[PDB]
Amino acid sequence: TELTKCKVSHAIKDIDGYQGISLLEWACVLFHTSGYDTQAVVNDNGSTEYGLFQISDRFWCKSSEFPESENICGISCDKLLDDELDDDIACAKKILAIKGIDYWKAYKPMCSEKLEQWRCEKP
């Protein structure tokens, strides 16, 4: 499903400030990472990135295609393709804590400035 900036924003409130990354930065990153599409699937270089956070099956989640990675997140990759964002968020945090924000390449180039635009005034 294609979510809106505000929908995404309200769903991830608990990642706010985690590892230093604010809500505004995440809203930006996510826009440039999956276009808010909870079902985004991008496969290249022999690995597949899934969902809103584009979490890869190379290390993080278990996919039938690449059946035995470390599955650091402890979740089936198909779980990152529904509209229930809790596990996705739970996984992303592991990524932030282990690898950091640079996992998300959209971050440095598109989200280093003009952040105010990313804010969601909707309660």
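Each form is matched to the other, and the largest set of C-alpha atoms that superpose within 1.5 Å is called the rigid core. Numbers for residues come from their place in the sequence shown, where the first is 1.
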query: Stretch farther from the shown model on average in 8 other deposited structures of this protein, with CA RMS computed after core superposition (88-96, 38-46); finding: 38-46
query: Stretch with the greater mean C-alpha B-factor as recorded in the entry, comparing 75-83 against 41-49; finding: 41-49
query: Stretch exceeding the other in mean C-alpha B-factor - 16-24, 104-112; finding: 16-24
query: Third of the chain's Cα B-factor distribution that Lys7 belongs to, per the entry; finding: middle
query: Position of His32 among the chain's modelled residues by C-alpha B-factor, lowest, middle or highest third; finding: lowest
query: Chain-wide C-alpha B factor ranking for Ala97, given as lowest, middle or highest third; finding: middle
